[PDB]
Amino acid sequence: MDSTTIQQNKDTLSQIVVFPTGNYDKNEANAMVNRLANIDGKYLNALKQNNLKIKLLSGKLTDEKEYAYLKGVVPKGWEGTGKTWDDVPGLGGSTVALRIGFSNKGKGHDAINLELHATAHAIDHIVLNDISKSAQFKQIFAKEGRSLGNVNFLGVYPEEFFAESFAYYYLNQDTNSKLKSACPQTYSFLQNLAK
């Protein structure tokens, strides 16, 4: 991705990312936007067209009005973790909400990157009309959905395999190469999706 294209994506994200009120880690918030800027501009422009907001948060997700109804609720796939949405650092789908500083694997989650996994859910649901539950992807998911680990989450929910695979594809060259070797059909699928 040329510098001008990365800049173009950062400009597009400037219209999508919402920063919190009050004090927060501005450098880390910018670092999260920079990682999101590696997503194909086709998806980012569609997010902007749909007025999808990527909300960066200073506190828990359930402190936000729109997610208060999730207080005490155990998310899909989080059975046995002993936590509820109150403790979850990222949310994706019809909206996107992310806790600043929790990007890396092991910060209350086990994704390769918090913001790319969550935003992949929004792209899947809003931009691509739930392609992760299409018959085509379900066939790919049936074969390769257990090759990225966390088989009791990624290997069970096609939308989660899609989101994590999407994050692998776009985080950096290392993860992009790891996905190609582990899930070649998924890699080719995402490669064709961006054309």
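Just count from 1 along the sequence shown to find any residue number.
Taking the PDB entry as given, 64-72 carries the higher mean Cα B factor of the two stretches 161-169 and 64-72. Stretches 184-192 and 2-10 differ in mean C-alpha B factor, with the higher average recorded for 2-10. When the Cα B-factors of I126, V156, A37, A29 are read from the PDB record, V156 comes out highest.
Ranked within its chain, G90 lands in the lowest third, by CA B factor from the PDB record. In the PDB entry, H109 places in the middle third of its chain by CA B-factor. Split the chain's modelled residues into thirds by C-alpha temperature factor. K55 is in the middle one. When all modelled residues of the chain are sorted by CA temperature factor, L44 is found within the lowest third. Sorting the modelled residues of the chain by their CA temperature factor places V33 in the lowest third.
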